[PDB]
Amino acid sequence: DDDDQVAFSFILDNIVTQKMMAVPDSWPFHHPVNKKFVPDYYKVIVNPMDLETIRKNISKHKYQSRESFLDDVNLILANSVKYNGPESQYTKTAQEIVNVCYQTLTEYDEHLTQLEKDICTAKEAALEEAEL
């Protein structure tokens, strides 16, 4: 009984591809940084994140709720603030990616609340099932 998890991950993936990846000229945020091209990136950045990585995570059902998803989305902006600086144009694009994600989650807020509750309830019925 993972129907609600599948449906939740389907919505997040579509926010990523239809909303966040569609921010204009945002290509550099769609792939991990490769140290061959930015050899100093990983002197500064501990935990890299990008939108292709988030898509992989969603395909594996990493996120059971908005909070864990948003940790990864917000990491993309935090890394650009640190590496590029708060007023860099890269940061200005990362802030548009974060803002279109929050905006979209707020549109779907009551449905996502309901899926999040049903993910927890399915898990519980299974743990009670398993526990005994």
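Don't overthink the numbering: it's just position in the shown sequence, from 1. C-alpha atoms forming the largest set that superposes within 1.5 Å between two forms make up the rigid core.
Per-stretch RMS Cα distance to the displayed form in 8 other deposited structures of this protein, following rigid core alignment, is highest for 35-43 when 96-104 and 35-43 are compared. Once the structures in 8 other deposited structures of this protein are superposed via the core, the pair 26-34 and 56-64 is resolved in favour of 26-34 as the more displaced stretch (C-alpha RMS). The stretch 32-40 shows the higher mean C-alpha B-factor when 32-40 is compared against 48-56 in the entry. When all modelled residues of the chain are sorted by CA temperature factor, residue 22 is found within the highest third.
For residue 113, the recorded CA B-factor ranks within the middle third of the chain. Only modelled residues enter the ranking.
Per the deposited record, the Cα B-factor of residue 71 falls in the middle third when ranked against the other modelled residues of its chain.
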